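A.B. asks: First the structure, which I've put down as structure tokens, then a few questions once you've had a look.
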Amino acid sequence: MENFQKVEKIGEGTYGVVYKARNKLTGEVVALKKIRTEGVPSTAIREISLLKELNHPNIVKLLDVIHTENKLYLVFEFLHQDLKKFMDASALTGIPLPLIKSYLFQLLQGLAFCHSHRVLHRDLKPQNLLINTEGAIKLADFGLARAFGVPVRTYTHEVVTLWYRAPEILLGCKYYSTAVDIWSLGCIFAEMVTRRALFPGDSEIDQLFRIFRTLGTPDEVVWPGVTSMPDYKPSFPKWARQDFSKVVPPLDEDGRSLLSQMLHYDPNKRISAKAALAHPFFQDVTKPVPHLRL
Ligand SMILES: Nc1nc(Nc2ccccc2)nc(-c2cc(Cl)ccc2O)n1
């Protein structure tokens with residue numbers, strides 16, 4: 001748009017490309033996300049518009065929702081680096097535990113906030129998490145999947161990230177709950193710790209089986225109703241659960257304990273963001289300053 005003297009394309013999200021842009025007028029630097037056709041649903045514009053009211057220190061502010069030329073643009077406050085990039089840049093030394101802990105605590109605060117407002121993210125991933133020089137981390141792009149509905153293959157054909165998808169989604173559950181975000185966050189937490197994606201599935205079944213190989217194939221004991229899930233197949237191989245200390249070494253028992261609660265198979269047993277905030281793991285949480293190279 002002419003209102004912006006655009007800076008550049010900075011990434012591609014599940015629902016569209018994100019641009020860094022300068023509001024010529026105000027000179028404001030923002031993140032502009034172009035939503036991907038029919039002509040842009042009306043129910044969606046209303047629902048996404050409601051997200052403009054979301055105000056929380058750990059939620060990237062949605063400044064505007066612009067509908068034009070049969071195209072939807074979301075204008076977001078701009079943060080300089082996404083967690084994926086930070087993790088790649090910190091892959092040699094790892095993110096200090098205090099920072100990982102700070103980030104997780106803040107992320108849980110953001111989710112607790114959104115969930116308490118009946119807003120789910122549904123597609124949480126490192127690239128959706130933005131950090132700034134002052135130690136804050138924020139979640140961006142909530143409520144998009146619930147407003148537009150999950151795609152399948154971007155217009156530009158880009159490898160959709162399945163790594164953070166909760167098993168109930170993989171098993172074809174038509175109804176999502178706040179639990180899917182906790183699962184995604186658990187996966188991200190594990191990744192910050194180990195510096196490697198926890199469940200880097202190549203496909204939907206590989207994603208599911210990687211989960212099964214690590215957490216054990218779920219059954220009716222650990223997850224009542226799982227054998228009735230839409231995509232559940234009795235033919236699924238039955239893997240025994242792996243010793244959990246093997247999953248995120250060298251994370252201490254508090255962290256491993258919290259993580260195990262975030263990764264419970266049953267969305268109903270999975271810890272809530274609010275409950276997670278009270279976990280002993282955060283007893284000594286602080287807010288460290290990240291070494292950010294912008
Ligand atoms: N620094 C920075 N990088 C990126 N990269 C990125 C974008 C899309 C996919 C993957 C990475 N995205 C943002 C960003 C994104 C949104 Cl939604 C809202 C505000 C933002 O500041 N910011």
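Residue numbering restarts at 1 for every chain of the structure tokens, chains are lettered A, B, ... in their displayed order, and ligands are numbered from 1 as they appear.
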Please give the complete set of residues from segment 89-213 of chain A that DSSP, run on the backbone, assigns to strand (DSSP E), formatted as a ChimeraX atom specification.
C.D. replies: /A:129-131,137-139
A.B. asks: Restrict the selected residues to C-alpha atoms and save them as a PDB file, in the first residue's frame.
C.D. replies:
ATOM      1  CA  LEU A 129       6.859 -15.770  19.016  1.00  0.00           C
ATOM      2  CA  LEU A 130       8.584 -12.410  18.860  1.00  0.00           C
ATOM      3  CA  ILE A 131      11.176 -10.996  21.198  1.00  0.00           C
ATOM      4  CA  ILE A 137       8.514 -12.245  24.310  1.00  0.00           C
ATOM      5  CA  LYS A 138       5.103 -11.992  22.679  1.00  0.00           C
ATOM      6  CA  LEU A 139       2.766 -14.298  20.808  1.00  0.00           C
TER       7      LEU A 139
END
A.B. asks: Can you build me a table of segment 162-262 of chain A residues sitting at most 8 Å from segment 274-289 of chain A, with the closest atom pair per residue and its distance in Å to one decimal, using only C-alpha atoms, sorted by chain and residue number, as JSON lines?
C.D. replies:
{"residue": "A:254", "atom": "CA", "partner": "A:281", "partner_atom": "CA", "distance": 4.8}
{"residue": "A:255", "atom": "CA", "partner": "A:281", "partner_atom": "CA", "distance": 5.6}
{"residue": "A:258", "atom": "CA", "partner": "A:279", "partner_atom": "CA", "distance": 6.7}
A.B. asks: Determine, using only C-alpha atoms and all ligand atoms, which residues of chain A have any atom at most 9 Å from an atom of ligand 1, and tabulate each with its shortest atom pair and distance in Å to one decimal place, rows ordered by chain and then rising number, as CSV.
C.D. replies:
residue,atom,partner,partner_atom_place_in_ligand_line,distance
A:9,CA,ligand 1,7 (C),8.1
A:10,CA,ligand 1,5 (N),5.1
A:11,CA,ligand 1,8 (C),3.6
A:12,CA,ligand 1,9 (C),4.3
A:13,CA,ligand 1,9 (C),4.4
A:14,CA,ligand 1,9 (C),8.0
A:16,CA,ligand 1,8 (C),8.0
A:17,CA,ligand 1,8 (C),6.3
A:18,CA,ligand 1,8 (C),5.0
A:19,CA,ligand 1,7 (C),7.4
A:20,CA,ligand 1,21 (O),7.4
A:30,CA,ligand 1,21 (O),7.0
A:31,CA,ligand 1,19 (C),4.8
A:32,CA,ligand 1,18 (C),7.2
A:33,CA,ligand 1,17 (Cl),6.2
A:60,CA,ligand 1,19 (C),6.2
A:61,CA,ligand 1,18 (C),7.9
A:62,CA,ligand 1,18 (C),8.0
A:74,CA,ligand 1,17 (Cl),8.2
A:75,CA,ligand 1,18 (C),7.8
A:76,CA,ligand 1,18 (C),5.0
A:77,CA,ligand 1,19 (C),5.5
A:78,CA,ligand 1,21 (O),3.6
A:79,CA,ligand 1,21 (O),3.6
A:80,CA,ligand 1,1 (N),3.6
A:81,CA,ligand 1,1 (N),3.7
A:82,CA,ligand 1,3 (N),4.8
A:83,CA,ligand 1,11 (C),8.5
A:84,CA,ligand 1,11 (C),7.5
A:85,CA,ligand 1,11 (C),7.8
A:126,CA,ligand 1,10 (C),8.1
A:127,CA,ligand 1,10 (C),4.4
A:128,CA,ligand 1,17 (Cl),6.4
A:129,CA,ligand 1,15 (C),7.9
A:130,CA,ligand 1,22 (N),6.0
A:131,CA,ligand 1,1 (N),7.7
A:132,CA,ligand 1,1 (N),8.6
A:138,CA,ligand 1,19 (C),8.8
A:139,CA,ligand 1,18 (C),8.3
A:140,CA,ligand 1,17 (Cl),5.1
A:141,CA,ligand 1,17 (Cl),5.5
A.B. asks: Among segment 222-266 of chain A, which residues does DSSP mark as alpha helix (DSSP H) when it is run on the backbone? Keep the chain and numbering as in the structure and answer as JSON, numbers by chain.
C.D. replies: {"A": [253, 254, 255, 256, 257, 258, 259, 260, 261, 262]}
A.B. asks: With N, CA, C and O atoms retained, export the selected residues as an mmCIF file, in the first residue's frame.
C.D. replies:
data_model
loop_
_atom_site.group_PDB
_atom_site.id
_atom_site.type_symbol
_atom_site.label_atom_id
_atom_site.label_comp_id
_atom_site.auth_asym_id
_atom_site.auth_seq_id
_atom_site.Cartn_x
_atom_site.Cartn_y
_atom_site.Cartn_z
ATOM 1 N N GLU A 253 14.260 -31.720 36.974
ATOM 2 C CA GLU A 253 12.953 -32.329 37.206
ATOM 3 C C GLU A 253 11.767 -31.351 37.228
ATOM 4 O O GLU A 253 10.660 -31.717 36.835
ATOM 5 N N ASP A 254 11.971 -30.117 37.682
ATOM 6 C CA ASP A 254 10.848 -29.167 37.692
ATOM 7 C C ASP A 254 10.439 -28.890 36.256
ATOM 8 O O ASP A 254 9.253 -28.894 35.918
ATOM 9 N N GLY A 255 11.438 -28.621 35.419
ATOM 10 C CA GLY A 255 11.162 -28.346 34.022
ATOM 11 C C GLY A 255 10.610 -29.575 33.331
ATOM 12 O O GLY A 255 9.655 -29.502 32.552
ATOM 13 N N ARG A 256 11.216 -30.725 33.592
ATOM 14 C CA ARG A 256 10.725 -31.941 32.967
ATOM 15 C C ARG A 256 9.307 -32.234 33.424
ATOM 16 O O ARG A 256 8.482 -32.687 32.642
ATOM 17 N N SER A 257 9.027 -31.985 34.697
ATOM 18 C CA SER A 257 7.700 -32.216 35.244
ATOM 19 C C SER A 257 6.686 -31.296 34.568
ATOM 20 O O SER A 257 5.619 -31.738 34.116
ATOM 21 N N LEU A 258 7.016 -30.008 34.494
ATOM 22 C CA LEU A 258 6.106 -29.077 33.844
ATOM 23 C C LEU A 258 5.905 -29.514 32.402
ATOM 24 O O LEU A 258 4.775 -29.583 31.917
ATOM 25 N N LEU A 259 6.996 -29.811 31.709
ATOM 26 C CA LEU A 259 6.868 -30.210 30.310
ATOM 27 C C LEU A 259 5.976 -31.410 30.136
ATOM 28 O O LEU A 259 5.134 -31.440 29.247
ATOM 29 N N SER A 260 6.158 -32.419 30.988
ATOM 30 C CA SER A 260 5.333 -33.613 30.876
ATOM 31 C C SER A 260 3.845 -33.256 31.035
ATOM 32 O O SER A 260 2.991 -33.876 30.420
ATOM 33 N N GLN A 261 3.539 -32.243 31.842
ATOM 34 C CA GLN A 261 2.142 -31.842 32.023
ATOM 35 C C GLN A 261 1.591 -31.103 30.820
ATOM 36 O O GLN A 261 0.398 -31.144 30.550
ATOM 37 N N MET A 262 2.482 -30.429 30.101
ATOM 38 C CA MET A 262 2.101 -29.691 28.911
ATOM 39 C C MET A 262 1.951 -30.648 27.751
ATOM 40 O O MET A 262 1.266 -30.338 26.778
#
A.B. asks: Set the distance at 12 Å and use only C-alpha atoms: which residues neighbour residue 249 of chain A once local chain neighbours fewer than 3 positions away are removed? I'd like the list as a PDB file with C-alpha atoms, in the first residue's frame.
C.D. replies:
ATOM      1  CA  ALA A 190      11.560 -28.533  24.694  1.00  0.00           C
ATOM      2  CA  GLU A 191      13.129 -27.041  21.607  1.00  0.00           C
ATOM      3  CA  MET A 192      14.588 -24.020  23.439  1.00  0.00           C
ATOM      4  CA  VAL A 193      16.081 -26.453  25.929  1.00  0.00           C
ATOM      5  CA  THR A 194      17.534 -29.065  23.592  1.00  0.00           C
ATOM      6  CA  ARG A 195      18.151 -26.754  20.645  1.00  0.00           C
ATOM      7  CA  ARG A 196      16.404 -29.246  18.445  1.00  0.00           C
ATOM      8  CA  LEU A 198      11.090 -32.149  19.795  1.00  0.00           C
ATOM      9  CA  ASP A 243      12.005 -42.564  29.787  1.00  0.00           C
ATOM     10  CA  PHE A 244      11.252 -38.846  29.924  1.00  0.00           C
ATOM     11  CA  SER A 245      14.723 -37.826  31.179  1.00  0.00           C
ATOM     12  CA  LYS A 246      15.804 -38.785  27.682  1.00  0.00           C
ATOM     13  CA  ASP A 252      15.919 -30.406  35.754  1.00  0.00           C
ATOM     14  CA  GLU A 253      12.953 -32.329  37.206  1.00  0.00           C
ATOM     15  CA  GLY A 255      11.162 -28.346  34.022  1.00  0.00           C
ATOM     16  CA  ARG A 256      10.725 -31.941  32.967  1.00  0.00           C
ATOM     17  CA  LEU A 259       6.868 -30.210  30.310  1.00  0.00           C
TER      18      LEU A 259
END
A.B. asks: Quick one: everything within 9 Å of segment 208-218 of chain A, counting only C-alpha atoms, minus sequence neighbours fewer than 3 positions away in the same chain. Send it as a count of residues only.
C.D. replies: 30
A.B. asks: Any idea what's packed within 9 Å of residue 229 of chain A, counting only C-alpha atoms, ignoring anything in its chain fewer than 2 positions away? Could you give it as a list in words?
C.D. replies: residues 168, 171, 172, 173, 225, 226, 227, 231, 232 and 233 of chain A
A.B. asks: Write out, as a PDB file, in the first residue's frame, the residues just selected, with C-alpha atoms.
C.D. replies:
ATOM      1  CA  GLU A 168      -5.804 -34.436  18.941  1.00  0.00           C
ATOM      2  CA  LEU A 171      -5.966 -37.525  15.051  1.00  0.00           C
ATOM      3  CA  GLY A 172      -8.663 -35.510  13.294  1.00  0.00           C
ATOM      4  CA  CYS A 173     -10.557 -33.977  16.184  1.00  0.00           C
ATOM      5  CA  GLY A 225     -11.791 -41.705  23.819  1.00  0.00           C
ATOM      6  CA  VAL A 226      -8.579 -41.728  21.808  1.00  0.00           C
ATOM      7  CA  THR A 227      -9.436 -44.980  19.978  1.00  0.00           C
ATOM      8  CA  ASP A 231      -8.181 -40.595  12.317  1.00  0.00           C
ATOM      9  CA  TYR A 232      -7.270 -43.127  14.955  1.00  0.00           C
ATOM     10  CA  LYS A 233      -6.311 -46.464  13.416  1.00  0.00           C
TER      11      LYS A 233
END
A.B. asks: Report as a PyMOL selection string all protein, DNA and RNA residues lying within 10 Å of residue 50 of chain A, evaluated on only C-alpha atoms, omitting residues in the same chain fewer than 5 positions from it.
C.D. replies: chain A and resi 44-45+62+65+143
A.B. asks: So, with only C-alpha atoms as the atoms that count, which of A:59, A:120, A:51, A:72 lies closest to residue 179 of chain A?
C.D. replies: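 Closest candidate: A:120.
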A.B. asks: Between A:92, A:66, A:185, A:147, which residue has the minimum interatomic distance to residue 125 of chain A, considering only C-alpha atoms?
C.D. replies: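 Nearest candidate to residue 125 of chain A out of A:92, A:66, A:185, A:147: A:185.
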A.B. asks: Please measure the separation of atom CA of residue 43 of chain A and atom CA of residue 150 of chain A, giving the value in Å to one decimal.
C.D. replies: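 About the pair atom CA of residue 43 of chain A and atom CA of residue 150 of chain A: they are 15.1 Å apart.
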A.B. asks: Could you pull the residues within 9 Å of residue 142 of chain A, counting only C-alpha atoms, minus those fewer than 5 positions along the same chain, as an mmCIF file with N, CA and C atoms, in the first residue's frame?
C.D. replies:
data_model
loop_
_atom_site.group_PDB
_atom_site.id
_atom_site.type_symbol
_atom_site.label_atom_id
_atom_site.label_comp_id
_atom_site.auth_asym_id
_atom_site.auth_seq_id
_atom_site.Cartn_x
_atom_site.Cartn_y
_atom_site.Cartn_z
ATOM 1 N N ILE A 48 -11.669 -11.173 13.640
ATOM 2 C CA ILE A 48 -10.287 -10.724 13.715
ATOM 3 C C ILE A 48 -10.261 -9.299 14.237
ATOM 4 N N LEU A 51 -9.988 -8.903 17.813
ATOM 5 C CA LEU A 51 -8.667 -9.139 18.381
ATOM 6 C C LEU A 51 -7.899 -7.838 18.586
ATOM 7 N N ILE A 59 1.370 -10.324 24.254
ATOM 8 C CA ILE A 59 0.609 -10.531 23.031
ATOM 9 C C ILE A 59 0.999 -9.406 22.063
ATOM 10 N N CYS A 114 -5.058 -14.908 26.665
ATOM 11 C CA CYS A 114 -5.895 -15.189 25.507
ATOM 12 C C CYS A 114 -6.950 -16.240 25.800
ATOM 13 N N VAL A 119 -9.799 -16.925 23.377
ATOM 14 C CA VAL A 119 -9.078 -16.770 22.124
ATOM 15 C C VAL A 119 -7.991 -17.826 22.092
ATOM 16 N N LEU A 120 -7.969 -18.606 21.021
ATOM 17 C CA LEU A 120 -6.975 -19.648 20.892
ATOM 18 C C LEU A 120 -6.065 -19.282 19.777
ATOM 19 N N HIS A 121 -4.835 -19.760 19.851
ATOM 20 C CA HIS A 121 -3.963 -19.491 18.746
ATOM 21 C C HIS A 121 -4.179 -20.595 17.695
ATOM 22 N N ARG A 122 -3.902 -21.844 18.069
ATOM 23 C CA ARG A 122 -4.066 -23.010 17.184
ATOM 24 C C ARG A 122 -2.910 -23.306 16.250
ATOM 25 N N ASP A 123 -2.034 -22.334 16.006
ATOM 26 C CA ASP A 123 -0.902 -22.566 15.118
ATOM 27 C C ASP A 123 0.375 -21.976 15.696
ATOM 28 N N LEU A 124 0.569 -22.186 16.989
ATOM 29 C CA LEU A 124 1.746 -21.683 17.662
ATOM 30 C C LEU A 124 3.015 -22.363 17.191
#
A.B. asks: How many Å separate atom CA of residue 36 of chain A from atom CA of residue 145 of chain A?
C.D. replies: 12.7 Å
A.B. asks: So, counting only C-alpha atoms, which residue among A:158, A:106, A:100, A:71 is closest to residue 86 of chain A?
C.D. replies: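 Checking each of A:158, A:106, A:100, A:71 against residue 86 of chain A, counting only C-alpha atoms, the winner is A:100.
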A.B. asks: So what do you get for atom CA of residue 28 of chain A versus atom CA of residue 52 of chain A, distance-wise?
C.D. replies: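 Answer for the atom CA of residue 28 of chain A to atom CA of residue 52 of chain A separation: 17.3 Å.
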